[PDB]
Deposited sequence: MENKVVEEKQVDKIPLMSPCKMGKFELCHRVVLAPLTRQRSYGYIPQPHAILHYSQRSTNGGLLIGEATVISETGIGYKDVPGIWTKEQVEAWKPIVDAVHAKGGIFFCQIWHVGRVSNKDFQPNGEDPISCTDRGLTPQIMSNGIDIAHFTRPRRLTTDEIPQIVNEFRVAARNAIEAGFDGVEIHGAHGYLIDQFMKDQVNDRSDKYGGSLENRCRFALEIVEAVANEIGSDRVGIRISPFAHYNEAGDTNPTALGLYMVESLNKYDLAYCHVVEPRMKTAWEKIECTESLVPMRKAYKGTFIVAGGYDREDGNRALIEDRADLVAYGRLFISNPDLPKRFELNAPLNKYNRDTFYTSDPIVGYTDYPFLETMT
């Protein structure tokens, strides 16, 4: 047989007993027509479920104002909650642990996606410059956001709280707060975006206030052992960089310690220039640490051997390998992924048609 590897080692996380450390990263696939989870997702998630394996669902919108892309699922209506149930049930049928990633795009939207054509909301009133859409043909334009007022913010915090409850109602084992990639929560944390002059800005502490109020509200709502949060301190995605990423990341993990969460999920920096690294954050964080961003089998085992993380989340390789955990375990060849169908809308093509090991 093949030598055992750290990636296949059981891991205790929060109140859960995982059977291995290969995690399905959150992956927006834009196949949730009308913002409603679809039948084909039942198969998609089921194909990737393993006994005791952790699955993090695609970013799920917490309210009407959090929409910034077509066909992404939401979880603010009964219809969406009910549509989520069969998908969650399929994952549970195979013994998987399923966390719902709750999300709000903030300024990364257009009034055409908004209720009554309203302006997107954000920590600031500055908009994004145009971006080339996933199809590589069309250009996405964004509407300048309306700066949320100090007293409006708690209402948004409550939207995350309600979304978390709805996820529990749908049967999810827990929720992951989307505090990354320049979306609403990251907009408040990043100093290139947050130019507020009230208590939600002006200092590292103030910029992280929003994220921490969300953690508290969500943790108090469903229990901290059913809560995780994802951050990307070093990412500049959606024009959301920070002048001191290391300090930002350190402050967040140190502040998150007191909440006793199920885990903290951090994305690796794209480049190393003090220097960008997740090691200091792993050392400062006392709970379960999940890393993601460019990992393969070799790097995944190495991260565990060097004790840089407890869990390793895989995105692209999991898109093309339903049975990624098994393949890693057998050190089997991997299917290549086709980025051209990552965000296309077919129920099957590039979604459920990647083959299992022969």
Sequence ranges absent from the coordinates, based on the deposited chain and numbered from 1: 1 to 9, 283 to 288, 374 to 376
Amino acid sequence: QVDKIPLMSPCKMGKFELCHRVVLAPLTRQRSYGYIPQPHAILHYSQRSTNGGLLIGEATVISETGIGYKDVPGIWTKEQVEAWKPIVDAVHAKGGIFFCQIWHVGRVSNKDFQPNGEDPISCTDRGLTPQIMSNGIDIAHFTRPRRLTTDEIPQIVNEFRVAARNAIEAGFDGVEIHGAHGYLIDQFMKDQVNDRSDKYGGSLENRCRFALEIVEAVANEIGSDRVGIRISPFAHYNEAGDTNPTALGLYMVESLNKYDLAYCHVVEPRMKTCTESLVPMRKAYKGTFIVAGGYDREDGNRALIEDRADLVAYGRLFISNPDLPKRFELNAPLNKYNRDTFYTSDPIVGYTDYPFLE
From here on, numbers count along this sequence of modelled residues.
Would you please confirm whether residue 271 lacks atomic coordinates in a third or more of the other entries that were compared? yes
Which is higher on mean Cα B factor in this entry, 328 to 336 or 308 to 316? 328 to 336
Determine, for stretches 138 to 146 and 179 to 187, which one has the higher mean CA B-factor as deposited. 138 to 146
Residue, from 101, 166, 232, 255, that the PDB entry assigns the highest Cα B-factor: 255
Highest recorded C-alpha temperature factor, please, choosing from 223, 73, 228, 106. 223
Select lowest, middle or highest to describe the third in which the CA B-factor of residue 58 falls within its chain in this entry. lowest
Residue 13: CA B-factor among chain residues, third -> highest
Compare the C-alpha B factor of residue 265 with those of the other modelled residues in its chain, then answer lowest, middle or highest third. lowest
Classify residue 299 as lowest, middle or highest third according to the C-alpha B-factor given in the PDB entry, relative to its own chain. middle
Based on the deposited C-alpha B factors for this chain, I'd like to know if residue 128 is in the lowest, middle or highest third. middle
